[PDB]
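Asker: Pasting an experimental structure with its sequence.
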Amino acid sequence: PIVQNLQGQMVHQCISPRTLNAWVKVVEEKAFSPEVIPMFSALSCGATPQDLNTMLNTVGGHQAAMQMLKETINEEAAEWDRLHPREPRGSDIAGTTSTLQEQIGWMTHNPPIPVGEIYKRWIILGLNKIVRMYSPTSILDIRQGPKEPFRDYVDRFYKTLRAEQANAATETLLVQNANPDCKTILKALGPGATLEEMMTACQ
Amino acid sequence: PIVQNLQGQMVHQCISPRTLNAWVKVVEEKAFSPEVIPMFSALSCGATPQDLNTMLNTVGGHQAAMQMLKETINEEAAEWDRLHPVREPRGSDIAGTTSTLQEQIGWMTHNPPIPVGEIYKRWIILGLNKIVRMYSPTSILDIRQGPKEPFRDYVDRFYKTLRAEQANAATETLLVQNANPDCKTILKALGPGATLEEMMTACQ
Amino acid sequence: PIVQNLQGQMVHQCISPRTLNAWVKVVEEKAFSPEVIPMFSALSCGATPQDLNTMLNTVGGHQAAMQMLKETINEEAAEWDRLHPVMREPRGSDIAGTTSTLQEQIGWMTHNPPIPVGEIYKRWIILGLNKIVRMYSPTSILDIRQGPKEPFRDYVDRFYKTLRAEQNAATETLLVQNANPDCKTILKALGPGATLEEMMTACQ
Amino acid sequence: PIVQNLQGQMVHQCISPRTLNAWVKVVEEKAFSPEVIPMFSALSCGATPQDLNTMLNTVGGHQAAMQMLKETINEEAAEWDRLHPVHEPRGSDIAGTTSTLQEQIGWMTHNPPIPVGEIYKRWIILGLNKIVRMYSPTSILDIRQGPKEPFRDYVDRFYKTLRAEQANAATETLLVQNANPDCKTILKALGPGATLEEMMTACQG
Amino acid sequence: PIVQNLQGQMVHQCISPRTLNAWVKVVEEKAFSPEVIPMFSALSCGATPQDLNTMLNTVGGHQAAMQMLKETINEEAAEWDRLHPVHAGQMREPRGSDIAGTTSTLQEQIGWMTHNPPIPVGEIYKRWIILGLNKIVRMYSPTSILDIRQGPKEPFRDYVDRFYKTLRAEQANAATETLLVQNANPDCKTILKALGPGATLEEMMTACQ
Amino acid sequence: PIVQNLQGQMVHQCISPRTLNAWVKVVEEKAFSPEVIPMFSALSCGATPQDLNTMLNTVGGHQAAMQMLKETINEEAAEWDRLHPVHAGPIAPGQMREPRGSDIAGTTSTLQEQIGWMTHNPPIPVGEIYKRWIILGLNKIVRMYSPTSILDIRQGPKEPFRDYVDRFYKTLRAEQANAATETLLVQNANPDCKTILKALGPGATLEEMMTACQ
Ligand SMILES: NC(=O)c1cc(-c2cccnc2[C@H](Cc2cc(F)cc(F)c2)NC(=O)Cn2nc(C(F)(F)F)c3c2C(F)(F)[C@@H]2C[C@H]32)ccc1F
Ligand SMILES: NC(=O)c1cc(-c2cccnc2[C@H](Cc2cc(F)cc(F)c2)NC(=O)Cn2nc(C(F)(F)F)c3c2C(F)(F)[C@@H]2C[C@H]32)ccc1F
Ligand SMILES: NC(=O)c1cc(-c2cccnc2[C@H](Cc2cc(F)cc(F)c2)NC(=O)Cn2nc(C(F)(F)F)c3c2C(F)(F)[C@@H]2C[C@H]32)ccc1F
Ligand SMILES: NC(=O)c1cc(-c2cccnc2[C@H](Cc2cc(F)cc(F)c2)NC(=O)Cn2nc(C(F)(F)F)c3c2C(F)(F)[C@@H]2C[C@H]32)ccc1F
Ligand SMILES: NC(=O)c1cc(-c2cccnc2[C@H](Cc2cc(F)cc(F)c2)NC(=O)Cn2nc(C(F)(F)F)c3c2C(F)(F)[C@@H]2C[C@H]32)ccc1F
Ligand SMILES: NC(=O)c1cc(-c2cccnc2[C@H](Cc2cc(F)cc(F)c2)NC(=O)Cn2nc(C(F)(F)F)c3c2C(F)(F)[C@@H]2C[C@H]32)ccc1F
């Protein structure tokens, strides 16, 4: 990673072992749950492309999703080569034809060229694709059970939505696919009600 | 976040991995108990508005409450935009939706300082309080002492429940009104205007 | 807290997650055993009043003891308003943290002459916590007596443990008085005025 | 390791206990999976040859793999002596058998820097690549999708095995071949020059 | 504790939350096992007497041993008040109650330690605490070095493990060597005598295996 | 131990709690496997003779092994006295005194004396010299705790060649604490894998021998 010294000078700090193990464990547990994308963005704060490639390589398993991310990176890197015809190229930003010297030289410059933050965008885009492919249920099938507390139903509704679109139609659909015991109370509250009101009434 | 450099300067650091994992595991265990409101504000020390979003996004599950927090933030930002007509920040800039980290750091380091990180944290704590209310099913009214329960355990449930609902003398009269008659009479034995130390020591 | 800057100064730092989690685990384990008091002191080293309120809000359960601590604080604070009448001078609610900003709290702690509103607030909290240690220990030193075969070490351990919550030569008289008659005679064979080492070595 | 002081001056520091324990627990758990190479390279950032030997020694078990690594180290060291004769370090110096920590630090901090830490790590990673191919239970040519295996679960085993062999366009040509006849037909139907995204979307059933 | 500033000045710091829980968990486990002394001296590295009191007050249970430690402190402090009588631009002569932290402030404790003629009121107090802790290790010792005999099947290594384990809690010598050979089970004891004198523990554990 | 200050100065630091607990857990679990030796040297990186004794003392159990290390230290110490006799006469001004074996072992030396020796220029690394003696004794302890010998490591009926070479070099790792190890490795292979190794030929890499039997 690249952090600033006590002398206010951007230097290349080594990737911390706590961040390495944290990222591997996140994938081992959450396994592409929507919160893995923010956890990757935060654990890769100011990371050179070499560091991003190291974090992705330590991912144990899920190799199918990794090739899909690799293809997404390849597509985005080529698009960078078109919109921007020394200048960094898509291969330099992805860490394939760039040295750590070149990556640091691009990041610690005035004006800077954040080859690490650009690469993190490409990674987050492909990772967002992986969360949609991994979403087991569609929002059209999230329907409140007979004895399911309304909080638990909304817990599944907005998680499924956070993975699919990784909209007032969600408001109509949430009531439309709700238990009748609660659906009557939801119509009682009337249109345009705070989610706090809906869940307070169906308690 | 924006911390204190050795030279007294306000420099921007990365969010700690330990602080990330701590916040995630706190929701996994305490699960919107009242004890999460101080834990969030303590792990969000000097946080930029962007750093606050990152923390709330790493929350695993409970995605119902998180939408409730979104709507709370959207309501508080509209009151900010109303009470500040038309570079001073607006509510979208405070919540980090239409602001960059450069802009957020700018407002936080200016003299005079506009603490957009602390103003956003204020709204978040509001929505988090409304969440703790909801995760408290039993109202303060239904907390009554069973005759086979000590008075210490009854006041425990009374003030733990009120802790969520509050986010007063009538609350103390409800503490006496909802006691088992074995100790309730001993509460009227002490009379009004007494310390909880005496109110618990006597019935013990 | 307010730690010493490595430039020889005094700068405000954020409350460590390790410090918070250590305090939460102490209450979840020892649960107001007397050893909880010195652990709170060490974990609140140079803490601002705001940092102290955060350590108390994170306490899981025991809310009956917490409201008691609030009343103790509201007592010690009204006391400061009395015998201290009148950067602005700190009042009782300023030291407690209910009407003082973190900047004002830092101002008093880093002033010269320094107004230690952090250590003052810590004294008020420690007193009420001592009331909790005494209340959570209904067993008195008078009822502590040695059983038939209970080793002398097992009886002395319970003796000074109960005495530690209640907080002296009267403890030495009560220690021998409440021993079982088999060892009590051996202690008299040692003679009056004996060390605890000798009193336990004899009754081995 | 040779870190950078907060005053900018590169300085030597002791190996972190967490860095050591992490490396041991990596081999205790992943045990020479393909992801063991990048974890070693990350935890050995800026390490000295002495520090590299300490990491490889704390490995409990897998001694056959470790001796195989040792022989790979000697082979690469014999080449370094021929291609780069010391009129200057030699192979044993970079390996850490005839050099001191002061000599290593001197090479790693010099106007003309001889990075014996990264050179030794290069040889170690090569031998560690051999261990991953050896511990690889199956070849990429023996991975075939079952009639009841979802196309995703088969692609997972495919690229997991491929990361072991390859320490490549022919990998995509083999993926379609070793599939169940149902999804295999749909893949040829999607047309060559497709994305794994589309190849999996078309076989969700 | 009194640590070194990055500049190089002796400055005071808070007791580490990690060092605190380290000491409490050592008592909860080893429970005055012989290795409790070294852990205390290490965790109290450069600690003020106030910090030394904090460590000794956070121990869970064992309150009887604590009063015995307090008595051992009072004895060593009174002897300090004897060997160094208080005489009435430097620091005042510390009395034993100051070294223990009963009648001294943190500023005074730091003043003695951070002074050109250093008065280490932390290391002297730590010597008193170590002396009283060694007493507690003897009391918690269940068996004596004279009652440690090799069981008929018990291997020699297992016997020598218990021998020096108990001796480490007692002493806190060639007669211990003879006591080791002589308390062994008879077959091995004859082998030890068959080795003769001038035997390293490596040799007498190698032959009797 | 002795660390390197931000201002570029060899200063003294307190032994780390995490470093201590890690060393205790290593002995509690691995318990004198040959990988405990490098873990000790790394955890005792630049440690004073005082810190070295603090680590060895906190070892719970194995007190018989610890006494064997103690006696091995005394042997190396008297040897240090033989080749480095302490000379009489008052210590030259500005120079450190001459250390003896008990000084290096920490029995008759203060922390400031150890610090002055290590941070001097020329530096006398009493910590590293003591560590050498400690490692030499720990090496004997690994040889004693070695269950079997390298000459008795013999491959089972269907035991794969890899599982046999693991036990082979593991045991040799304790004994050493050579081309004859090649003959000793081939000789003990079960008759199945034994023939395949002989068919390969001499001067064959371990990768070749293992890939062959497979
Ligand atoms: N265009 C490219 O080639 C390319 C190259 C790298 C690059 C460079 C240096 C070092 N590391 C890498 C990447 C980083 C990475 C990326 C990603 F999107 C997902 C990941 F997990 C890891 N990692 C590998 O290349 C390892 N790897 N190897 C294989 C193989 F098929 F060969 F077995 C497979 C991977 C796998 F993980 F990427 C996919 C399972 C399939 C960066 C971006 C690029 F665009
Ligand atoms: N007005 C807005 O939109 C809005 C946008 C952000 C913003 C910007 C950039 C990056 N992150 C965010 C937020 C941060 C956040 C806030 C919060 F209060 C609770 C949280 F947990 C997380 N996070 C998401 O927007 C993700 N998200 N997405 C969905 C959806 F339903 F769409 F799937 C759901 C979330 C969910 F987590 F917030 C709630 C489950 C429902 C800030 C404040 C705003 F006002
Ligand atoms: N006079 C006051 O109010 C008062 C306010 C604070 C203050 C200010 C800012 C932030 N935090 C606080 C306190 C800190 C605290 C103190 C204490 F002694 C024990 C504790 F545990 C926590 N904590 C709360 O205010 C939360 N709180 N809320 C309720 C309620 F009844 F409302 F539900 C209950 C608490 C509860 F925990 F303190 C008691 C269960 C009852 C300081 C001192 C004061 F004098
Ligand atoms: N030219 C050499 O010999 C040589 C020497 C070292 C060297 C120097 C100082 C300190 N450490 C070492 C190595 C480091 C190491 C390397 C490696 F590739 C795998 C590892 F795990 C460890 N470690 C040992 O030598 C210990 N060791 N000992 C034996 C024995 F057979 F003797 F028991 C066995 C080992 C074993 F681990 F290497 C193999 C099981 C067989 C460096 C590179 C060289 F080229
Ligand atoms: N001569 C003294 O007075 C004296 C005073 C302290 C002192 C000062 C400030 C703060 N703390 C202390 C001591 C520190 C301590 C010492 C020790 F050796 C063992 C320990 F564990 C703790 N500890 C207490 O004061 C608490 N304490 N209280 C009682 C009581 F019986 F009164 F309830 C009991 C203790 C108990 F733990 F020490 C013994 C069980 C009995 C230092 C040394 C002195 F010489
Ligand atoms: N020549 C010496 O005496 C001698 C003294 C120390 C010394 C000095 C100060 C502080 N610590 C020590 C040593 C350090 C140590 C060494 C070692 F090799 C193994 C270890 F684990 C620990 N440790 C003890 O003295 C504790 N100790 N005590 C006994 C007893 F027998 F008395 F019970 C036993 C030990 C035991 F652990 F060393 C052996 C079980 C037997 C240094 C080197 C020397 F040469």
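Answerer: Right, received. Where do you want to start? Numbering: from 1, shown residues only, chains lettered A, B, ... in the order given. Ligands and ions are numbered 1, 2, ... in the order given.
Asker: so which strand or helix has the residue nearest the centre of chain A?
Answerer: Centroid-nearest residue in chain A: residue A:37, 2.4 Å away (criterion: C-alpha atoms, centre = their mean). For residue A:37, the enclosing helix or strand under DSSP states H and E is helix A:36-43.
Asker: quick one: that helix near chain B?
Answerer: Yes - when contact is scored as C-beta under 8 Å from any C-beta of the partner chain, part of helix A:36-43 falls within range of chain B: A:37-39, A:41-43. Where you see a C-beta, it was placed from the backbone N, CA and C, and this is true even at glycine.
Asker: The residue in chain A positioned nearest to chain E: what secondary structure?
Answerer: With C-beta to the nearest C-beta as the measure, residue A:6 is the residue of chain A nearest to chain E, at 10.0 Å. Under DSSP: H, G, I helix; E, B strand; the rest coil, the three-state class of residue A:6 is coil.
Asker: So which residues of chain A form strands?
Answerer: Assigned by DSSP state E, chain A shows strands spanning A:2-4, A:10-12.
Asker: So which of the ones you listed is nearest chain C?
Answerer: Comparing the strands of chain A by C-beta to the nearest C-beta, strand A:2-4 comes nearest, at 16.9 Å.
Asker: what comes up buried for that closest one?
Answerer: Taking 16 or more other C-beta atoms under 10 Å in any protein chain shown as the neighbour-count basis, strand A:2-4 is seen to contain the buried residues A:2, A:4.
Asker: so how far is it from its chain's centroid?
Answerer: 23 Å (C-alpha atoms, centre = their mean, to the nearest Å).
Asker: Other residues contacting it?
Answerer: Contacting residues not belonging to strand A:2-4 are listed as A:10-13, A:46-48, A:104, A:107-108, A:116, B:11, B:13-14 [C-beta atoms under 8 Å, 6 or more residues apart in numbering or on different chains].
Asker: Can you tell me which of the residues you listed are classed as buried?
Answerer: Among the contacts of strand A:2-4, those classed as buried by neighbour count (16+ other C-beta under 10 Å) are A:11-13, A:46-48, A:104, A:107, A:116, B:11, B:14.
Asker: Just the closest of those residues to chain F, please.
Answerer: residue A:11 (14.1 Å).
Asker: Isn't that closest one up against residue A:46?
Answerer: No - using C-beta atoms under 8 Å, residue A:11 is not in contact with residue A:46, being 11.0 Å away.
Asker: Who's the closest spatial neighbour of the residue nearest to the centre of chain A, skipping the chain neighbours?
Answerer: Distances taken as C-beta to C-beta, 6 or more residues apart in numbering or on different chains place residue A:127 nearest to residue A:37, at 5.3 Å, with adjacent residues excluded.
Asker: Closest residue of chain A to ligand 5?
Answerer: Nearest residue of chain A to ligand 5 (C-beta to the nearest ligand atom) works out as residue A:18 at 35.5 Å.
Asker: Can you tell me which residues in chain A are near ligand 2?
Answerer: Where proximity means C-beta under 6 Å from any ligand atom, the interface of chain A facing ligand 2 comprises A:158, A:161-162, A:165.
Asker: who's in contact with the residue nearest to the centre of chain A?
Answerer: By C-beta under 8 Å, 6+ apart, residue A:37 lies in contact with A:124, A:127-128, A:131, A:166, B:57.
Asker: what about 7 Å?
Answerer: Applying C-beta atoms under 7 Å, 6 or more residues apart in numbering or on different chains, we find residue A:37 in contact with A:124, A:127-128, A:131.
Asker: separation between it and chain D?
Answerer: 17 Å (C-beta to the nearest C-beta, to the nearest Å).
Asker: Please tell me I have it right and residue A:177 contacts residue A:142.
Answerer: Yes - the pair formed by residue A:177 and residue A:142 meets the contact definition of C-beta atoms under 7 Å, at 6.5 Å.
Asker: tell me the contacts of the residue of chain A found nearest ligand 2?
Answerer: Of the residues in chain A, the one nearest ligand 2 is residue A:162, at a distance of 3.6 Å by C-beta to the nearest ligand atom. Contact analysis of residue A:162 by C-beta under 7 Å, 6+ apart lists A:34, B:63.
Asker: please redo it, this time with the cut-off set to 6 Å
Answerer: For residue A:162, the set of contacting residues under the criterion of C-beta atoms under 6 Å, 6 or more residues apart in numbering or on different chains consists of residue A:34.
Asker: before we move on, the earlier item: how about the helix holding residue A:37, does it reach ligand 1?
Answerer: No - contact between helix A:36-43 and ligand 1 is absent, the nearest approach being 11.6 Å (criterion: C-beta under 6 Å from any ligand atom).
Asker: What angle do helix B:49-57 and that helix make with each other?
Answerer: Put simply, helix A:36-43 runs at 140 degrees to helix B:49-57, going by axes from the mean of the first three to the mean of the last three C-alpha atoms, to 10 degrees.
Asker: what are the ranges of the helices in chain A?
Answerer: With helices called from DSSP state H, chain A shows them at A:17-29, A:36-43, A:49-57, A:63-83, A:90-93, A:100-107, A:115-134, A:150-164, A:168-176, A:180-189, A:195-201.
Asker: Quick one: list the elements packing against the fifth one.
Answerer: Which is helix A:90-93. helix A:63-83, helix A:115-134 (3 or more C-beta pairs under 6 Å, 6 or more residues apart in numbering or on different chains; DSSP states H and E).
Asker: can you list contacts of the first one?
Answerer: Residues outside helix A:63-83 that contact it (C-beta under 6 Å, 6+ apart): A:89-90, A:94, A:122, A:126, A:130, D:152, D:155-156, D:159-160, D:195-197.
Asker: from the residues you listed, which two are the most distant?
Answerer: Largest separation among the contacts of helix A:63-83 by C-beta to C-beta: A:89 and D:152, giving 32.4 Å.
Asker: For chain C, what's its nearest residue on chain A.
Answerer: residue A:6 (9.3 Å).
Asker: out of the residues of chain A next to ligand 2, which touch ligand 5?
Answerer: Intersecting the residues of chain A next to ligand 2 with the surroundings of ligand 5, defined as C-beta under 6 Å from any ligand atom, gives nothing.
Asker: Identify, from those residues, the entry nearest to chain B.
Answerer: Using C-beta to the nearest C-beta, residue A:158 comes nearest to chain B of these, at 4.0 Å.
Asker: Just give the nearest non-adjacent residue to the closest one, would you?
Answerer: Across the structure, with C-beta to C-beta, 6+ apart as the measure, the residue nearest residue A:158 apart from its sequence neighbours is residue B:63 (4.0 Å).
Asker: Ramachandran coordinates for residue A:149?
Answerer: In this entry, residue A:149 is assigned phi and psi values of phi -60, psi 140 (degrees, to the nearest 10).
Asker: what about it, distance to chain D?
Answerer: Using C-beta to the nearest C-beta, residue A:149 is found at 32 Å from chain D.
Asker: Assess the claim that residue A:95 and residue A:47 are in contact.
Answerer: No - the criterion here is C-beta atoms under 6 Å, and residue A:95 misses it with residue A:47 at 10.5 Å.
Asker: How far away from the center of its chain is stretch A:117-132?
Answerer: For stretch A:117-132, the gap between its own C-alpha mean and the chain's C-alpha mean amounts to 7 Å (C-alpha atoms, centre = their mean).
Asker: and it with ligand 1, contact?
Answerer: No - among the residues of stretch A:117-132, none lie within reach of ligand 1 under C-beta under 6 Å from any ligand atom; the closest is 6.5 Å away.
Asker: Please save the CA atoms from that stretch in PDB.
Answerer: Once non-C-alpha atoms are left out, stretch A:117-132 reads as follows in PDB (Å, rounded to 0.1, in the frame of the first residue of the first chain):
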ATOM      1  CA  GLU A 117      -7.700   3.200  -7.600                       C
ATOM      2  CA  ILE A 118      -8.600   2.800 -11.300                       C
ATOM      3  CA  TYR A 119      -7.800  -1.000 -11.000                       C
ATOM      4  CA  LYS A 120     -10.000  -1.100  -7.900                       C
ATOM      5  CA  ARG A 121     -12.900   0.200  -9.900                       C
ATOM      6  CA  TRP A 122     -12.600  -2.600 -12.400                       C
ATOM      7  CA  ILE A 123     -12.300  -5.100  -9.600                       C
ATOM      8  CA  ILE A 124     -15.400  -3.800  -7.900                       C
ATOM      9  CA  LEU A 125     -17.400  -3.800 -11.100                       C
ATOM     10  CA  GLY A 126     -16.600  -7.500 -11.700                       C
ATOM     11  CA  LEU A 127     -17.200  -8.300  -8.100                       C
ATOM     12  CA  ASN A 128     -20.600  -6.700  -8.300                       C
ATOM     13  CA  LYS A 129     -21.300  -9.000 -11.200                       C
ATOM     14  CA  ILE A 130     -20.300 -12.000  -9.000                       C
ATOM     15  CA  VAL A 131     -22.800 -10.900  -6.300                       C
ATOM     16  CA  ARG A 132     -25.600 -10.900  -8.800                       C
END
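Asker: Right, I'll leave it there.
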